[PDB]
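Trainee:
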Amino acid sequence: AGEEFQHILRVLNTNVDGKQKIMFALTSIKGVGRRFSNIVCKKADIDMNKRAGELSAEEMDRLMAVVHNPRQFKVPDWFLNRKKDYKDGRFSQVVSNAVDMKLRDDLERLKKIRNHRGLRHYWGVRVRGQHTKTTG
Amino acid sequence: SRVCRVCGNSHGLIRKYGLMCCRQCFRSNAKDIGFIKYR
Amino acid sequence: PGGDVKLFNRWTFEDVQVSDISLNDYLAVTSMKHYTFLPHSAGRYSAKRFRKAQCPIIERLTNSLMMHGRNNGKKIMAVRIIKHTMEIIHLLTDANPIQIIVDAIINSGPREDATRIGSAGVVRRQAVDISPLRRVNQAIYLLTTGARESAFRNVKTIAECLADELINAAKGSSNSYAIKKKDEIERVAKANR
Amino acid sequence: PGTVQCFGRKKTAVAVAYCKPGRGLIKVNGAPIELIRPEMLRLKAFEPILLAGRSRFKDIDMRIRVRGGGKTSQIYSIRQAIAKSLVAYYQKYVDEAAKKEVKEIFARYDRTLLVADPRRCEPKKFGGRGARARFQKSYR
Amino acid sequence: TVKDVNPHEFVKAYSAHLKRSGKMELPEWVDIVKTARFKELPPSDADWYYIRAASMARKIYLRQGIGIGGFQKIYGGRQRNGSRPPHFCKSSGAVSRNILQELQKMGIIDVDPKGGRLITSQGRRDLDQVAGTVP
Amino acid sequence: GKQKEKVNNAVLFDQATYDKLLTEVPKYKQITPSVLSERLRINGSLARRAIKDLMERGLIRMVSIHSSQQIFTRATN
Amino acid sequence: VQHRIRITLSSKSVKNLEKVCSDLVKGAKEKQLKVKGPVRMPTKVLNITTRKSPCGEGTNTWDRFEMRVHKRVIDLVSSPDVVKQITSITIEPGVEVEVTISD
Amino acid sequence: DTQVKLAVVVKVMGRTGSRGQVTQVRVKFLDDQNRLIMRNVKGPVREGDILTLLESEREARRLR
RNA sequence: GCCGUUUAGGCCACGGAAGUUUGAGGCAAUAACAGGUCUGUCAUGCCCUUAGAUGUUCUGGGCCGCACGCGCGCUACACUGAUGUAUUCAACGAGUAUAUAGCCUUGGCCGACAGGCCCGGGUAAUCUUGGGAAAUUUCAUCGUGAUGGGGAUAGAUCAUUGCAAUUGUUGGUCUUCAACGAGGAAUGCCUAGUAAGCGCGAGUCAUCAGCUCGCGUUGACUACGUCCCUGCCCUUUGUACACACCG
Ligand SMILES: [Mg+2]
Ligand SMILES: [Mg+2]
Ligand SMILES: [Mg+2]
Ligand SMILES: [Mg+2]
Ligand SMILES: [Mg+2]
Ligand SMILES: [Mg+2]
Ligand SMILES: [Mg+2]
Ligand SMILES: [Mg+2]
Ligand SMILES: [Mg+2]
Ligand SMILES: [Mg+2]
Ligand SMILES: [Mg+2]
Ligand SMILES: [Mg+2]
Ligand SMILES: [Mg+2]
Ligand SMILES: [Zn+2]
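Residue numbers (the UniProt record's numbering), protein chains in the order written: chain A, 5 to 140; chain B, 18 to 56; chain C, 8 to 200; chain D, 10 to 149; chain E, 18 to 152; chain F, 31 to 107; chain G, 24 to 126; chain H, 23 to 86.
#1: Check each residue of the segment 86 to 102 of chain C: if its Cβ is closer than 9 angstroms to any Cβ of chain F, include it; give the result in chain order.
#2: Excluding the 5 residues preceding and the 5 following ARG86 (chain H) in the sequence, name in chain order all residues of the same chain whose CB lies nearer than 7 angstroms to its CB.
#3: Under 8 angstroms: does the beta carbon of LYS34 (chain F) sit that close to some heavy atom of ligand 1?
#4: Helix, strand or coil: which one does DSSP assign to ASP49 (chain A)?
#5: Applying the criterion that 16 or more other CB atoms from any shown protein chain within 10 Å of the CB defines a buried residue, is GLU66 (chain C) buried or exposed?
#6: Among D:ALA90, D:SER147 and D:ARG129, whose alpha-carbon lies nearest the alpha-carbon of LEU123 (chain D)?
#7: Assuming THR19 (chain C) and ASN103 (chain C) make a contact with CB atoms under 8 angstroms, what is their CB distance in whole Å?
#8: Figure out for me which residue from D:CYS15, D:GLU56 and D:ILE114 has the closest Cα to the Cα of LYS13 (chain C).
#9: Round the Cβ separation of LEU35 (chain E) and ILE77 (chain E) to the nearest angstrom and send it over; I've been treating them as touching at under 8 angstroms.
#10: Put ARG87 (chain G) into one of helix, strand or coil per three-state DSSP.
#11: Between H:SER40, H:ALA29 and H:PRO66, which has its C-alpha nearest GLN55 (chain H)'s C-alpha?
#12: Report yes if the CB atom of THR43 (chain C) is closer than 9 angstroms to the CB atom of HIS91 (chain C), and no otherwise.
#13: Against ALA5 (chain A), what residues of chain F qualify as contacts under a CB-to-CB distance less than 8 angstroms, listed in chain order?
#14: Taking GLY51 (chain B) as the query, report the chain G residues whose CB atoms sit under 7 angstroms from its CB, ordered along the chain.
#15: For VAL65 (chain F), which residues in chain C fall below 9 angstroms Cβ to Cβ?
#16: Please identify the residue among D:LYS146, D:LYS134, D:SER147 and D:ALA140 whose C-alpha is closest to the C-alpha of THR84 (chain G).
#17: Less than 9 angstroms between the beta carbons of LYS54 (chain A) and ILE26 (chain A), yes or no?
#18: Between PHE144 (chain D) and ligand 6, is the CB less than 8 angstroms from at least one heavy atom?
#19: Looking at chain E, is there any beta carbon in it that lies within less than 9 angstroms of the beta carbon of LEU44 (chain D)?
#20: Counting along the chain, where does the alpha helix (DSSP H) carrying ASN39 (chain G) start and finish?
#21: Is there a Cβ of chain F sitting closer than 9 angstroms to that of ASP110 (chain C), yes or no?
#22: For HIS47 (chain C), count neighbouring C-beta atoms within 10 Å of its own C-beta (all shown protein chains included) and say buried if the count is 16 or more, exposed if not.
#23: Taking a contact to mean a Cβ-Cβ separation below 9 angstroms, would you say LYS40 (chain C) touches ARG120 (chain D) in this structure?
#24: Does the segment 93 to 113 of chain G touch the segment 47 to 56 of chain G, meaning 3 or more C-beta pairs lie closer than 8 angstroms?
#25: If we cut at 9 angstroms on Cβ distances, does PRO24 (chain E) have a partner in chain D?
#26: According to DSSP, is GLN89 (chain E) helix, strand or coil?
#27: Given this structure, state the Cα-to-Cα distance separating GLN100 (chain D) from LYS108 (chain D), to the nearest angstrom.
#28: Between the segment 82 to 95 of chain E and the segment 37 to 51 of chain E, are three or more C-beta pairs nearer than 8 angstroms?
#29: Below 8 angstroms between beta carbons is the criterion; list the residues of the segment 133 to 145 of chain D that meet it against any residue of chain G, in chain order.
#30: With respect to 8 angstroms, is the separation between the Cβ of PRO103 (chain E) and the closest non-hydrogen atom of ligand 2 below this value?
#31: Thinking C-alpha only, which one of E:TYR92, E:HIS25 and E:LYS131 is nearest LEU44 (chain D)?
#32: If we ignore side chains and look at the alpha-carbon of each, how far apart do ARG18 (chain D) and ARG63 (chain G) end up?
#33: If you measure from the beta carbon of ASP171 (chain C) to each beta carbon in chain F, is any gap under 9 angstroms?
#34: Bridge partners of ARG95 (chain G), per DSSP?
#35: Once the 5 residues before and after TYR27 (chain D) are set aside, which same chain residues still bring their CB inside 6 angstroms of it?
#36: Quick one: measure Cβ to Cβ for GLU62 (chain A) and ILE50 (chain A), integer angstroms, because I've assumed they're closer than 8 angstroms.
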C-alpha cells in the first residue's frame with residue numbers, strides 16, 4: 005500500500021505521471037526513450053513492478069544521477085544521443101529542455117552555413133530526399 | 018555498359034543464365050535457343 | 008443417439024434437445040454422425056449446395072470468428088476462443104454449453120425479411136419467408152458480429168464477449184446484438200407485408 | 010514378422026508410420042505422441058486412437074516420421090498414418106475380416122482418415138497477385 | 018529422457034539448474050543487449066541468460082554441427098520496418114557465441130570437428146538426468 | 031475502470047478486494063469469471079491480475095492460466 | 024583392374040536421352056559388366072518470363088518460356104578401354120556424354 | 023393475433039424476383055395436411071425443408 | 001435410378017484418388033482498329049542535318065524539383081493486440097575465371113548492432129540448404145489511456161556498396177512520437193486450398209523491392225441463381241443512321 009502515493013513527480017520539469025510504471029513514466033522526459041529509460045532503472049537498481057507514485061524520494065535521486073551522469077555508470081557510449089558533438093566534442097545524453105535548444109543550434113549552424121539542408125529547413129519543404137509531388 | 022548480343026540495346030536486358038539478350042530479341046530467338054513455351 | 012464422444016473430451020452431445028423442428032434438419036448436432044472431438048475439421052464443405060448443412064454446428068460458429076482481415080484463416084486461435092467460451096458458459100450456467108449455443112442459434116434467427124420483388128410490373132421491397140438454412144446462417148452471423156463489435160476497444164476478452172452474447176441470446180433477453188437485430192428485421196418485414 | 014510401413018498425406022505433410030510388434034509405443038520422430046505441439050489440435054492426432062482403442066494397439070509400436078507441410082496439415086497427416094497403418098497391419102497379420110470392423114469405425118466418423126485430400130495450391134497467374142484475385146481496376 | 022519431457026517445462030528446470038550448478042562467468046554487457054538487430058527492447062527477464070543457455074543447450078543435444086551463422090537464424094524472427102513491408106531478421110551472434118563459450122567451459126557442449134558445436138559425452142548425462150527430474 | 035490507475039489507492043491494499051467486495055462479484059452467477067469480475071465490476075485489470083494470484087495464495091478460489099490470459103474464478107466449496 | 028567409371032548424360036530431350044541411356048546399359052549387359060544405373064536425377068527447369076509486347080502497351084501479358092534439363096547417371100565397374108569400347112555407338116543428336124573416372 | 027404456423031416445402035416452382043433472389047415454393051400445412059398454397063422463400067430451400075410462417079393469408083401469385 | 005421426341009442429353013446414387021471437360025494453364029478462326037510501337041532491332045520509304053553536327057565523346061546538372069488534382073499500393077488506427085521469452089513446420093527457384101577464393105556462402109574467431117579477419121565447400125539431388133520462413137503455438141508483462149497502438153518527421157553519430165552517396169544508396173545506435181478514433185458521394189476483385197492473412201525465391205542488381213512474375217503456409221462467410229443494372233451471342237422487328245445513336 006502506497007500510503008504516501010504521489011500522482012505527479014515533476015522530474016526535470018516534465019510533470020512525470022506517477023501512476024505509470026517507472027520505465028514508462030520516465031520516457032515523458034524529452035530525451036529519454038523506452039530503451040534508455042530501461043537501462044537507467046537497471047543501473048540505479050530499482051524494481052520495475054512499481055508505479056512511480058509509489059516510488060521513494062531517494063530512488064528518484066539515483067535515477068537523476070545516472071541520467072545527468074551516464075558515462076560514470078558504465079553506460080556504453082552508444083546509448084547516448086549527442087554522440088560526438090560539434091561544439092565541445094563530448095559525448096552527452098541531452099535531456100528535456102536542452103533538446104529543444106540544440107535542435108535549433110544545429111539548424112542555426114546550417115542556416116548560417118548556406119547549407120542545402122539549412123536552406124531546405126528554411127523553406128520548410130522536406131529535407132531528406134523524399135519526393136514532394138503529392139505527399140505531405 | 019551491358020547491351021544485347023544481338024542488337025546492342027541498353028534496355029530490357031536479360032542477363033539471367035548469361036543470355037545477355039534484350040527482352041525483344043530474345044522473344045525473336047527464343048524457340049531457336051530451345052526455350053519451349055510449354056505453358 | 009449412441010456414442011460417448013465429447014468435444015475437447017469434456018462435453019456430452021447426448022442430452023441436447025433442439026426444440027424447433029423447423030431447423031432440426033440443419034442443426035448438425037443431434038445425430039451421432041455429427042459428434043466430433045474438435046470443432047476443427049478440414050471437410051470439403053461448400054463443394055455442393057446444402058452440404059454445409061452437414062458441417063457440425065460448433066464448427067460453423069468457429070468458422071465465422073475469423074473476420075476483418077487480421078483474423079482470416081487463424082483457426083487455431085478461433086477454436087481456442089471457443090474452448091474458453093464454453094468454459095465460461097458452463098461456469099456461468101452449469102448446464103450443457105452445447106445446449107446453450109444451439110438454443111442461442113434457435114432464438115436469434117429471423118423468420119422473415121423484406122426483398123425487392125416486383126408484382127404486376129412494378130418492383131419494391133415485399134415481405135417473404137426465410138429458408139431454414141439461411142436462418143441458421145443468419146443466426147450464426149448475428150451472434151458472432153455482436154460479440155465481435157463489443158470486444159473491439161474493450162479490455163473484455165473476445166471469448167467472454169462471445170460468452171455473454173450466447174447466454175443472453177439463448178435466454179432470449181433483448182440484450183444481445185443478435186436479438187435486437189433479429190427483431191428489427193421482423194418488424195420491418197411485418198410492416199412491408 | 011509384424012512390420013508395416015504405411016503413410017498418410019495432407020497438403021505437403023507426408024508421414025510414414027513404421028510398425029513393429031511391441032506393447033504400446035507411439036513416437037513421432039522419437040517424441041511421444043502425447044506431446045505433439047498444437048495443443049489444441051492434439052485430439053486430431055489422438056483421434057484414431059480414441060476411435061479404435063489403446064487396446065487395439067496393445068501389441069504394436071509406432072514410429073511416425075514426418076516431413077513437410079505445416080502444423081495443421083501434419084496433424085491431419087498423422088491421423089491417416091495412424092489409422093491406415095493399423096488396417097494394413099490388420100490386413101497383413103491379424104485377419105482380413107477383423108479389419109472390416111476397424112475400417113467402418115474410421116469411415117463412419119470421417120472419410121479422410123484413409124483417403125487423402127487432392128486439394129493443392131492453385132498456381133498464380135499474371136494480371137494479379139493471386140489464383141483468382143486481379144489487380145484493382147481504374148477507369149478515370 | 019529429453020524427448021519424453023515437455024520442451025518448455027523442461028527448460029524451466031534446466032534454467033533453474035544453470036543458476037545453482039555452481040556458476041560460471043557472465044558478461045559486463047549482459048543487461049543492456051537486445052540480442053538482435055530487429056528487437057525493440059532487451060529481454061524482459063533478469064535470468065534470461067541461463068534460459069537462453071538452457072534453450073540452446075538442447076539445440077546441440079537434438080542436432081549437431083551448428084555454427085554461429087546458423088544459431089543466429091534459430092532465434093531470429095519477423096522484423097517490422099514501419100512503413101516498408103516486414104521481413105525475416107537474423108538475430109545476434111555475440112549472445113549465441115558466448116552461451117556456447119560458457120557451456121564449453123562447463124562440459125555440456127564442445128567444439129565439433131567437421132565444423133560446428135557438438136555435445137559432450139558427459140554433458141549428455143545431465144541433460145538426461147535433469148530430464149528425469151521433470152514431472 | 032481506472033483499474034490500473036487504482037492499483038495503489040490505499041483502499042485496495044487495505045481491504046478493497048481482500049473479500050471487501052470480491053465475495054460478491056463472483057456470486058452474480060456464483061463463479062463469474064476473473065474477467066467478468068474484471069468488468070461486471072466497473073474496475074478492469076491488473077490490479078486484478080495481481081490479485082488473481084493473491085486470492086489464490088489465500089485459498090479462497092481456484093484459477094486457470096492460458097493463452098489470451100484467460101483466467102477464471104470460483105466462489106466457495 | 025576393375026575401376027569406378029561414371030558416365031554422365033544430360034539433354035533437352037526425354038525420349039532421345041533414354042534411347043542412349045538404355046543402349047549403354049544393354050550395351051554393357053551383353054558383356055555382363057557391373058552396371059549400376061540409371062540413377063535418375065531431379066529435372067532442372069530453366070525459366071524466363073518476358074513481356075509479350077515490344078512497347079509496354081495493352082493488357083500486360085506474360086509468356087513463361089522454360090527448358091527441361093534431364094540428368095542421368097550410369098556406373099560401370101570396368102576399365103578405361105572397356106568404357107570406351109562400349110561408348111562408341113552412334114550418339115543421337117545433341118545428347119551430352121562426359122564420362123570421367125570417379126573415386 | 024397470428025400464430026406461427028409450420029409448413030413443409032412439397033415442391034419448388036421457380037426463381038422469381040428481379041435478381042432471382044426468391045425461390046417460389048408450394049407449402050404443406052402441418053396442422054391440416056390439405057392446404058397447398060404458394061409462398062416466397064429467401065435462401066436455399068429444397069423439398070423436405072420446413073418454413074416458419076408468421077402469417078399464412080399472404081399468398082404468392084403465379085410468377086409473383 | 002428418375003427425366004426427356006424416351007434421341008441427343010439432364011439430375012442423382014453406391015463405388016472410386018478422382019464424376020464443373022477432375023483442377024489450372026498453353027495454343028487459338030475470318031474480318032478489322034488509321035489501337036501502340038520509327039525510342040528494341042545497321043527492319044524501314046520519305047523529309048531534316050551532316051564538321052561551327054540533331055553524328056560521337058567528356059565534365060556537370062536534370063528526369064527526384066512543389067500551391068495543387070488523380071491512379072496502383074505499403075503501414076496502421078490495436079487486447080481476435082504490442083512487446084519480451086520458449087517452442088518449430090514448407091515450397092519454387094538461385095550460385096557468368098565470379099583473380100588469385102570469387103557468385104551462393106557453411107564452420108572458427110573479433111565485435112553491442114552494423115560489420116570484419118580466418119580455414120574452407122560447391123560449375124551443384126554432392127556445397128551453400130534436408131534452404132531451422134513468417135503468421136502461428138506457449139508463458140509472462142501491458143489494461144480502453146493517440147497508451148507500451150502507429151511510426152511519418154528530424155537531430156547526432158557509425159558501417160557497408162561503388163570511381164564517386166550532396167538533394168539524406170542503403171544497413172545500424174540513441175533520441176524526436178506527427179496524421180490516423182474504421183474513413184462522404186462513389187467504386188474494385190472474388191465462388192475452394194478460393195477470398196483473405198503470412199512469409200520465401202526470381203527479374204532488375206555494384207548497392208537499392210512499398211513493384212512484377214512464381215512459391216508454399218493457415219484458411220473461411222456466402223451463392224449453386226437471375227437478366228434488374230453493365231455488357232455479349234442468335235432470331236424477329238422498325239429506321240430519314242452507313243466516319244453507322246458519341247448517328
Ligand atoms: Mg477486448
Ligand atoms: Mg503484415
Ligand atoms: Mg481445360
Ligand atoms: Mg518498331
Ligand atoms: Mg519518373
Ligand atoms: Mg498494375
Ligand atoms: Mg510497436
Ligand atoms: Mg511474438
Ligand atoms: Mg529482390
Ligand atoms: Mg452460373
Ligand atoms: Mg416505326
Ligand atoms: Mg449519307
Ligand atoms: Mg442524340
Ligand atoms: Zn536485342
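Note that the Cβ used here is the ideal one computed from N, Cα and C, for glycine as well.
Mentor: This is what the structure holds:
#1: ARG87, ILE88, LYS90, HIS91, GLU94, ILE95, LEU98, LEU99, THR100 and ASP101
#2: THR38, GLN46 and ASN62
#3: no
#4: coil
#5: buried
#6: D:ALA90
#7: 7 angstroms
#8: D:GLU56
#9: Going by Cβ atoms, the distance from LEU35 (chain E) to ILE77 (chain E) rounds to 15 angstroms, so no, they are not a contact pair.
#10: strand
#11: H:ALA29
#12: no
#13: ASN38, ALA40, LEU42, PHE43 and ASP44
#14: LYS35 and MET90
#15: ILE95, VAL162, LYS163, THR164, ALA166 and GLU167
#16: D:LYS134
#17: yes
#18: yes
#19: yes
#20: 37 to 52
#21: no
#22: buried
#23: no
#24: yes
#25: yes
#26: helix
#27: 6 angstroms
#28: no
#29: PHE135 and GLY136
#30: yes
#31: E:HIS25
#32: 24 angstroms
#33: yes
#34: G:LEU32 and G:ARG63
#35: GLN14 and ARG72
#36: About 10 angstroms separates the two Cβ atoms, so there is no contact after all.
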